[PDB]
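Q:
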Amino acid sequence: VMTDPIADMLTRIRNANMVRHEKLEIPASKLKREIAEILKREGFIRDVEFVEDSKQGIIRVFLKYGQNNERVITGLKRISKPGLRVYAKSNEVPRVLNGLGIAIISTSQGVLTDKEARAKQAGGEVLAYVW
Amino acid sequence: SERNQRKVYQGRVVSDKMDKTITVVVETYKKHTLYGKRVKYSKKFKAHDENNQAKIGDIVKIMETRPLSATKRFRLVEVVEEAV
Amino acid sequence: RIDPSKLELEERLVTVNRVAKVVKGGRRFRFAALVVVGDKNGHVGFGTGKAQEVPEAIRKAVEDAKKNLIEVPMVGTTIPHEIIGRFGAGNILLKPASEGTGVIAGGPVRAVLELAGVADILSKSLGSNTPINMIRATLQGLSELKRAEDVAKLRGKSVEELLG
Amino acid sequence: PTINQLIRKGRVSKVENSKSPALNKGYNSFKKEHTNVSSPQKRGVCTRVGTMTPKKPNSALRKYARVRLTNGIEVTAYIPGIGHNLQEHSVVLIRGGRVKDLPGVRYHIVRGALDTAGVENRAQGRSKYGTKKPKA
Amino acid sequence: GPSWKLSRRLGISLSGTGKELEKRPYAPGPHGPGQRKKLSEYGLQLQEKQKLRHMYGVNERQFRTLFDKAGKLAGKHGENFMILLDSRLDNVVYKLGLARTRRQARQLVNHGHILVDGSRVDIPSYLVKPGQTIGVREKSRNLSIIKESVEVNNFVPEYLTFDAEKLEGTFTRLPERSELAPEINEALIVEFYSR
Amino acid sequence: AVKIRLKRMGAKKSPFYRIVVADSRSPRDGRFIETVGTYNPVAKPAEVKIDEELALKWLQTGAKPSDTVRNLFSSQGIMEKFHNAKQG
RNA sequence: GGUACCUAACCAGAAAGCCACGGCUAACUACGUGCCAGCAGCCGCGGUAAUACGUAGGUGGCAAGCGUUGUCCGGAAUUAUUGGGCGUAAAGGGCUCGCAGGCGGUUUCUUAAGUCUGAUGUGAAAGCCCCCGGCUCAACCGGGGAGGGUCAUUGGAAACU
RNA sequence: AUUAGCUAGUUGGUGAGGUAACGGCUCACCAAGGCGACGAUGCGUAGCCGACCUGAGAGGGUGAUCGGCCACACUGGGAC
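Protein chains in written order, with PDB author numbering: chain H, 2 to 132; chain Q, 2 to 85; chain E, 3 to 166; chain L, 2 to 137; chain D, 6 to 200; chain P, 2 to 89.
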C-alpha cells in the first residue's frame, strides 16, 4: 500500500527531528541506504549504521543537533512524487537556497548531490531538497 | 548507396476479420503539455497481410508503405510472438 | 536575549486604527496605534499602544517597540536566501535581488524592511491585507533567516565549500 | 490524487460578461441578423426624453433619454450636464457609462454629439460636456 | 515662471544658489507658508523623480526611455541612470562653464552651434568623443554670453577638462560617484517606476 | 528560371539592397533561395560585399544575373573566374 | 525636385493647451448653491458655514497633446501544477462491491520505452535579446551573433520509472 | 455530452477502367466490416503560421500592415 519509501523516510526524519529524538529507525532499502550516506557526507546527521535481517533489514540514524539544541535540519521536501516524476536537464539542476541546502538527484552514473552533479554535467531524476 | 529507411512501428492486433489485411494498435503515448505527467494513448492502424498470418492477440512489427488502400498504409513484417 | 537601548532608533507610524467599545452610555472610543521601530543597521521590531489620545498612544507604542526588538542577518545589504512568512494567514515571500534593484514591497512590509535598512530586496504579499498580521508574518520570516557562517559551523563545514 | 482530477476534469475558468451589452452588437439590413462587434460608441434616435427619480433615500431629480440605436436595441441613457436641447426625435450619440445612483441606466449620452449642444457657461472640464473655449 | 516656482516647490535649487531659497524657501502658492504635511510614501519618490527631471530639464517620455536604457545597461541601475543623464550633452556644456543656466545650455545648443565632432547638434544625448579636437566654429567664437560664462570661473568636474583660450573641453572617460548624487537620494526612482 | 536578384529593404528614402538568388516569378521582396551579399547605393563610396563559394555554385548550375549584380560581379572579377572555369 | 542640405539678412515678433485638487492618489482656499441644481471608478457628496455640486485664484500631472468611451493582459494566489481549498465561512458523494483507469513491498541479473548526455540535419527572411556601424543620438536602417523543437538519424550512460 | 451512437461505396478483398502517379479515385463481383468514452457524429465559431500585446513565470489574449502557405474572384456547375 505504502506508495514510495522515500516519502516515508523523509517524513519520518522530519517527525523525529521536530521533537529531537536522538535515535530513529527506518526499514532498510538500497536507495534509502545511499541517501543516508549522502546526508552523513553533508553533515546533516550525526552517524548512520545498519542492521540486517531476513526482512529488508533496518537502518538507524542519529540526528545532529548542533552545539546548542538547535535544528541542524529545518525541513525536507519530496518533489519526484509517485504519479508525477520530475526530471531536470543538467543545466537546469536547481541551486537550492543558491547554495545553502542540497538537492539529491539520481543520475545515469549514480545518485549524486546537487553541486557535484552540476560539476560533472549529469541530470536525471531529482528527488528531494534538504532545508 | 542505401536509401532512406521508412519508419517502423510496434503494436498489437485488434482485428483480423477482413481477408489479406490486419488492423493493429500501437500504445505510443505522451505526457500532458502544461502538467508534464505521462498519460496513456492508443493509435490504431490498418496494415496489409498476404495470407492472414497474424491473428487476434498477436504482437506484430510494422513498416509504412505507399497507400495500398484507403485507410490502409502499412505492411506486415513478421509475427514476433503469438498469443495464448 | 534582548537588545538594549544603546542605539539610535527611528519610528515609522504605519497606522492608527479607530477603536470603539460599546457601553450603556452610547459608545466609548479609544485609539490603537502600531508602529515599527528600529535602527537602519539591522535592528527592528513593532509595538502597539491603545489609549484615548493619539500622540501619547503613539508614545505607548514606541515604548513597546523599544522594549521588544529583533536582529536580522544582512548579507550584502540583502537577505541570504528564500523565505516565506507564515503567521496566521499572512503569507509574504522574500527574495534576494541584485545590488541595484532597491526595495520592492507593500506599504507595511516596505516600512519594516526599509527601517531594517535592507537596500536591495523584492517581496510579495499573498495573505490578508491586514497590516499587523503582515508585520508579524514578515518578522517571523526575518527571524527564520539564517546566516551562512552559523550554517557552516552547524554542519561542521566551512563557507568556502558551502558556497562552492 | 488531485493531478488526475485536473488532467481529466480540468480547470474551468470563469467568464467576464460584457459590461456594455449594447455597444458590442451590430446589425445589417439585406441580411436580417444581429452581429457581434466591438464598438466604442453608437448613435440612435431618442424615442422619449424625460426625467425621473433615483433609488437611494437621498434623492435628486435626474434627466434621461429613451433611445433606439442603429442596431435595433432599446435602452435608457443618462444626460450629464446642466440643461440641454435634447427634444424627442433627435439623433444622439451614446457611450458606455454607468450611473450607480440611478437604477437601470447603463449608458451615458455623450455631449458635443450630433444634436446635443454643449452645456453653456462652463470653464473647466470643458473637454467633457462638449463645449468650446468660451472666449476668443 | 517655472524656475523659481519649481525650485521652491521641491525645496532644492536646480543649480544651487541662495536665491530661490533666501526668504520664501517653503513652497509656491497661498498655502505655502503654512504647515507642510509629510509627503505620502508615494509622494516622496514622486517628489524625487520630479527633482531629477526638473533639475535636468527633460521631458517625461525622454526620462522614461533613458531609464529603460540605463536599466538594460550593465552595472547598477541605481546610478547608470544618472550617468546617462550626465552624459546628456546639455549638462556637459553647462559643467564646462559655457553658460550660467541649463536653460542657456538648451537654448544655445538648440539654435547656437556647438561643434563637437560634428557640424551641428541639437539633440542633447550626444557626447564630445575623447581623443579628438573639434571645437565651436568661428561664428560664435566671440559671443557675450560665452565670454561671461568663461570669465565666471566654476568647478569643472575632474572627469572634464577645459581651456578658455580656445574654450574646448574633452569629455573624459566617465563621471565618478561624487557628482552622481550631490544631494539627490537615488534608488527611489527605481521602485517609483517599478510601481 | 532561377536568377541572381537584388532584393530591396530600408527606409522611404534610403534604399539598401541584398543580392539574393530567387526565381523570376517570386515577388521582389518575397521568398528566395539564398542571400549572397549586400549592396548600398547611397554610401558615398558605393559599397558591396559578396560571397563567392556557395554563391558561385549558383553561377555553376546556371543563373542569369540582373544587370547591376552582373556588373558588380564584373567589378569583383567573380564572373571572370566563372568564365575561366569553363576552359579550366 | 531646385526637394534634402549649406550659405547669409531680418524678429521675441507668428506658435499652449488638457485634466485633477475628500481618501484611494500629487495638488486648497473664496463665492453661489441648499436632498435642489448636480457629481461618480469605489467609498460615497450635496436638506444655507460643501477643500467631493458651478464658478474664481492658486497648486498638482502631462504636453502637442490631454481626458472619456470600447477591447485584451495584470493587479486576481479570484480555477492555484508554478500557485488554493472542502468540521462551523462554498465544498466529502447516504453507504458499499467493483470493469476500465491511476498508483506499486525488499534483494538480484538483464532491456533500454521513459530517462540524462554528445555528434549530425534542419527550426526561411524580417521581428524580441546581445555586440558593432550609419541616418547631426534614435524613431529607424544596416552587419555579425545568440536564443527559439515535449523535432529526425546516430552514439554514449543504467542510478531511478 | 442540456451533441450517443455514426457509417452502408463506408470497411476489406478480386478484377476492370481513370489527372503524372498510389489509391473505392470510378465501376462489376464477393464479404459485415469500419469508427466511437483516448470524444465518433452533429451544432456553434474561426483562414493557419513566423509573429504581436500583456505577464518577471508559467500562462493568457490577437492573427492589421511585413513575410510564407492556403481558399475565393457576382452566385453555382462545367470543361478547353
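A virtual CB, placed ideally from N, CA and C, is assigned to each residue, including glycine.
Could you say if the region 6 to 17 of chain D and the region 85 to 95 of chain L meet the contact criterion of at least three C-beta pairs nearer than 8 Å?
A: The answer is no - the region 85 to 95 of chain L does not touch the region 6 to 17 of chain D, with fewer than three Cβ pairs under 8 Å.
Q: Name the DSSP beta bridge partners of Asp24/P, please?
A: Paired residue(s): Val3/P.
Q: Buried or exposed, going by whether 16 or more other CB atoms sit within 10 Å of the CB of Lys100/D?
A: So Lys100/D counts as buried.
Q: Between the beta-carbon of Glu83/Q and the beta-carbon of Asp59/Q, is there less than 8 Å?
A: Contact: yes.
Q: Run through DSSP, which three-state label would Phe33/P get?
A: If DSSP states are grouped into helix, strand and coil, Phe33/P belongs with coil.
Q: Let me see if you follow: with CB-CB separation under 8 Å, is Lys81/D close to chain E or not?
A: Closer than 8 Å: yes.
Q: Quick one: is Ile83/L buried, meaning 16 or more other Cβ sit within 10 Å of its Cβ, or exposed?
A: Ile83/L should be labelled exposed.
Q: Taking just the CA atoms, how far does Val46/E sit from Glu73/E?
A: Taking the straight line joining both Cα atoms gives about 6 Å.
Q: Nearest to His85/L by CA position, among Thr54/L, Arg69/L, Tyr130/L, is which residue?
A: When each option's Cα is compared against that of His85/L, the closest is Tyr130/L.
Q: Report the rounded CA-to-CA distance for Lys10/L versus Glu65/Q, giving the unit in angstroms.
A: When rounded, the distance between both Cα atoms is 36 Å.
Q: Which residue wins for smallest C-alpha separation from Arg63/L, given the options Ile74/L, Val100/L, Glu75/L, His35/L?
A: For the residues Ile74/L, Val100/L, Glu75/L, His35/L, the minimum Cα distance to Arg63/L belongs to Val100/L.
Q: Is it right to say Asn115/D is buried, meaning 16 or more other beta carbons lie within 10 angstroms of its own, or is it exposed?
A: Looking at its Cβ environment, which holds fewer than 16 other Cβ atoms inside 10 Å, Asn115/D is exposed.
Q: Judging by CA-CA distance, which residue of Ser130/E, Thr79/E, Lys159/E, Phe89/E is the nearest neighbour of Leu115/E?
A: The candidate whose alpha carbon is nearest that of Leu115/E is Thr79/E.
Q: Is the distance from the Cβ of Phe33/E to the Cβ of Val16/E below 8 Å?
A: Taking 8 Å as the Cβ cut-off, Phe33/E and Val16/E do not qualify as a contacting pair.
Q: So what's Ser199/D in DSSP terms, helix, strand or just coil?
A: Helix at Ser199/D.
Q: Do the CB positions of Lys44/Q and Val27/Q come within less than 8 Å of each other?
A: Yes, the pair counts as a contact, with Cβ atoms nearer than the cut-off.
Q: Give me whichever residues DSSP pairs with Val62/H in a beta bridge.
A: Beta-bridge pairing links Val62/H to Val49/H.
Q: Tell me, please, whether the region 87 to 98 of chain D touches the region 67 to 77 of chain D by the rule of three or more beta-carbon pairs shorter than 8 Å.
A: Taking 8 Å as the limit for Cβ pairs, the verdict is that the region 67 to 77 of chain D does touch the region 87 to 98 of chain D.
Q: Let me know the secondary structure DSSP gives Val64/E once reduced to three states.
A: Helix, per DSSP.
Q: Nearest to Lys47/Q by alpha carbon, out of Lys41/Q, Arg7/Q, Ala71/Q?
A: Nearest of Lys41/Q, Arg7/Q, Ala71/Q to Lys47/Q, Cα basis: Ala71/Q.
Q: Smallest Cα separation from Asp24/P: which of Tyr18/P, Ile34/P, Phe17/P?
A: When each option's Cα is compared against that of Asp24/P, the closest is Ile34/P.
Q: Check the Cβ-Cβ distances between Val112/H and every residue of chain E, and say whether any is below 8 Å.
A: Chain E contact via Cβ: absent.
Q: Where do the N-terminal and C-terminal ends of the beta strand (DSSP E) with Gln42/L fall, by residue?
A: Segment 42 to 53, the beta strand (DSSP E) holding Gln42/L.
Q: Starting from the C-beta of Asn159/D, find all residues in its chain whose C-beta is less than 7 Å away, skip the five residues before and the five after it, and write them out in chain order.
A: Correct list, in chain order: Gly102.
Q: Can you pull the chain H neighbours of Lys159/E, defined as C-beta to C-beta under 7 Å?
A: Under the 7 Å cutoff, chain H gives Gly44.
Q: Could you tell me which chain E residues have their CB closer than 8 Å to the CB of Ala186/D, listed as they occur along the chain?
A: Within chain E, no residue comes near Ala186/D; the closest Cβ sits about 14 Å away, beyond 8 Å.
Q: Return no unless some Cβ of chain L is closer than 8 Å to the Cβ of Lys44/Q.
A: Output row for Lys44/Q: interface = no.
Q: Could you tell me how far apart the beta carbons of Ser81/H and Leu128/H are, in whole angstroms, since I believe they sit closer than 8 Å?
A: Between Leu128/H and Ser81/H the Cβ distance is about 5 Å, and since that is below 8 Å, they are a contact.
Q: Given a limit of 7 Å on CB to CB distance, which residues of the region 16 to 42 of chain Q reach chain H?
A: Result list: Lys38.
Q: For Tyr61/D, count neighbouring Cβ atoms within 10 angstroms of its own Cβ and tell me buried if that reaches 16, exposed if not.
A: Buried: at least 16 other Cβ atoms inside 10 Å.
Q: Using a Cβ-Cβ cut-off of 8 Å, state whether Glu46/D counts as contacting chain E.
A: Taking Cβ atoms only, chain E reaches closer than 8 Å to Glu46/D, which makes this a yes.
Q: Could you pull the DSSP bridge partners for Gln11/Q from this structure?
A: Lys62/Q, per the DSSP bridge assignment.
Q: Would you call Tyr88/H buried or exposed, if buried means 16 or more other Cβ atoms sit within 10 Å of its Cβ?
A: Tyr88/H should be labelled exposed.
Q: What does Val153/E touch in chain H if you count any residue whose Cβ is under 7 Å from its own?
A: In chain order: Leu101.
Q: Does the beta carbon of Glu53/D come closer than 8 Å to any beta carbon on chain E?
A: Chain E contact via Cβ: absent.
Q: Are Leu32/H and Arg13/H close, meaning C-beta to C-beta below 8 Å?
A: Cβ atoms of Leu32/H and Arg13/H: not closer than 8 Å.
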